[PDB]
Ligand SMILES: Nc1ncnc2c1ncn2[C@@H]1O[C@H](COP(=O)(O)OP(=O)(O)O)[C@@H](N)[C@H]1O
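The chain below stands alone and is given as structure tokens, in the form solved without the named molecule.
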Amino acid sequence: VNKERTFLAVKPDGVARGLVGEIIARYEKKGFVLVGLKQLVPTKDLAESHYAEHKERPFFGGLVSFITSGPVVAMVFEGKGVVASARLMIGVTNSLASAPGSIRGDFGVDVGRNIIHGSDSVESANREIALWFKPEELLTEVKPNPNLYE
């Protein structure tokens, strides 16, 4: 169903390298509808909440430090298989091995600084969406382009 939403965050390096317009534009071209969008500086607890899955790991500290070291542009897109696609569009973990055409393959070069975040599954998606956005901030009446779906 085309009511699937995912959560993506242009991390501090993406924002600070001026990649915001490029990234949103890529998903708008693909056809996905922007449902929520806000630039914010993540707070310690939000970051720790977001990188929960790694809190038992050594490199969790970094995660959190960075994500809160500067503004992040958070957004939620909706469309058929959006969670799946978005990842495809974003690339692999290591920017260097991400293929040309993908967000990280085109602009990425490190793994720590890999510009963007995308929920890895529909489950992490709904956890992430609700975690960063208040229901108030999300669109309801989406209504996607009718030339997009059969």
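Don't overthink the numbering: it's just position in the shown sequence, from 1.
Separately, the form deposited with the named molecule bound exists; it is not shown, and the next lines address it.
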(request) Given the named molecule in the deposited complex, answer whether the residues 54, 59 and 111 all have a heavy atom inside 4.5 Å of it. (result) yes
(message) Check residue 63 for me: does it contact the named molecule in the deposited complex (non-hydrogen atoms, 4.5 angstroms)?
(response) yes
(message) Quick check on residue 93: any heavy atom within 4.5 Å of the named molecule in the deposited complex?
(response) yes
(request) Flag residue 26 as yes or no: does it have a non-hydrogen atom within 4.5 angstroms of any non-hydrogen atom of the named molecule in the deposited complex? (result) no
(message) So, residue 87 and the named molecule: in the deposited complex, are they within 4.5 Å at any heavy atom pair?
(response) yes
(request) For the stretch 1 to 38, return the residues whose heavy atoms include at least one within 4.5 Å of the named molecule in the deposited complex, in the order they occur. (result) 11
